[PDB]
Structures are given as structure tokens and as C-alpha cells.
Amino acid sequence: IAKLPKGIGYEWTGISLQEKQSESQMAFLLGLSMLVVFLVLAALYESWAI
Amino acid sequence: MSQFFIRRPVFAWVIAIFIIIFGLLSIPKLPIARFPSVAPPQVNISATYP
């Protein structure tokens, strides 16, 4: 579209717009879940490596 | 009781880390404005009789 003639634009619609605004959310949530699990397990085992 | 945490430093540190992470997540998403919604709300009816 950026290669199209001047004065022509575009918009994503439907699930496409939701996908555009939901980028990297899954990775951030996965990392946060891993951190929370690590913290909980460290609390349970009273160790930073177990 | 502080005696629980004296013998278990890891679990006290985990609580602090949880608080720090939660606050660091909260700050980005907090709205910023000079004052809150202090002024009384107003609703306007506009009519036209040309």
C-alpha cells in the first residue's frame, strides 16, 4: 500500500485491528507468569536456585 | 510476626519484589492529569428556533 499512488491510504478492520493492538502482549504475559512462578517457588523453598 | 521473617529472609524479599514489580507495572498505565474530576459534571441541551 505504501507503494501505491499518493492520496491512497488504508485501515485494518475486524480481527486485524485487534491483532495489531495485541502485539507482544502474549510474550509479556508469559514472562510475567514465569517471574511470578519463580518468586512463588523461591518463597516456598526458601532458596533462590531450587 | 517478624520472627517468621527473620529466619526466612527469602520470603520477605519475595514480598518486596512482588510489591516492586506490581508498582512498576501500575505506573505506566496510570493516567496523568493536573487535577482529578473535581468540577461538577454538566449536561447541555441545545435547541434551535431559527
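Per the PDB record, this model was obtained through cryo-EM at a reported resolution of 2.97 Å.

The name given to chain B in the PDB entry is Efflux pump membrane transporter, and the organism recorded there is Acinetobacter baumannii. The record lists the entry's title as "Cryo-EM Structures of AdeB from Acinetobacter baumannii: AdeB-ET-I".

The name given to chain A in the PDB entry is Efflux pump membrane transporter, with Acinetobacter baumannii as the source organism.

Caption draft 1: The overall build of chain A, seen in detail. Each helix and strand counted, chain A has two helices and zero strands in total. At 21 Å, chain A has a C-alpha radius of gyration far larger than the 10 Å of a compact globule built from 50 residues. Counting every position in chain A, which comprises 50 residues, the buried fraction comes to 6%. Of the roughly 4700 Å² of accessible surface on chain A, a fraction of 65% belongs to carbon and sulfur atoms.

Thresholds, definitions, all that
- Residues numbered from 1 in each chain as written, not as in the entry; some residues may be left out.
- Chains lettered and ligands numbered in written order.
- Part of a larger assembly, values for the part shown.
- Heavy atoms only, no water.
- Helix = DSSP H or I, 4+ residues; strand = E, 2+ residues; numbered from the N terminus.
- Rg over C-alpha atoms; globule rule 2.2 N^0.38 Å.
- Buried < 20%, exposed > 50% of the residue type's maximum accessible area, 1.4 Å probe, protein only.
- Areas by Shrake-Rupley, 256 points an atom, 1.4 Å probe, with all protein chains shown as cover.

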